[PDB]
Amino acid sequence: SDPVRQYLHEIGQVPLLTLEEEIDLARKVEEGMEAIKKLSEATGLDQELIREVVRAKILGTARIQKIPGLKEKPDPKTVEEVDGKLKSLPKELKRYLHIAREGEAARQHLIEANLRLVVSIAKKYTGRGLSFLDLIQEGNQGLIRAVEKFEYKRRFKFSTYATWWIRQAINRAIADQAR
């Protein structure tokens, strides 16, 4: 497939993370999630809503843009409104917004650096009801779930935890396609 070949081409340019970059990114993601909790408490808005909007603002400096199976940006009207409430917060709370920005910049980076992993697991599940693209989308959503639950303090490699999640996602999608 032409869009697929192009996708594989694009993700292949993304270098693998060292262990040290991995921990740094994972740390920034934790920190970003605690910051967004503080912003939620202070504004009364949904944590995931804040996260999505902050994320929408960091995608400008992203390397891979249309990632298959990833949730789409909210509608710009909601971005503008929520972004407005955040920018307008008090001095003390604007450092939390900075931390949340790096957290979401780091999430995106960490995700891009492991798209190659999903593809390789995907390859083991072809001919089972779902196209390759479909496998990648289901795999990608496992990846995202892994970034959310990964605990770097455990000292296990990200690929270890990510792989578990990616298989779960792919195994569930096959069993649902099959009634």
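Throughout, we count residues from 1 along the sequence that is shown.
The PDB entry reports B-factors from which the mean C-alpha value can be compared for 121-129 and 53-61; the larger average falls on 53-61. Between 106-114 and 42-50, it is 42-50 that carries the larger average Cα temperature factor according to the deposited entry. Annotation for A26: C-alpha temperature factor in the lowest third relative to the rest of the modelled chain, per the entry. For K66, the recorded CA temperature factor ranks within the highest third of the chain's modelled residues.
Among all modelled residues in this chain, the alpha-carbon of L97 has a temperature factor (C-alpha) in the middle third.
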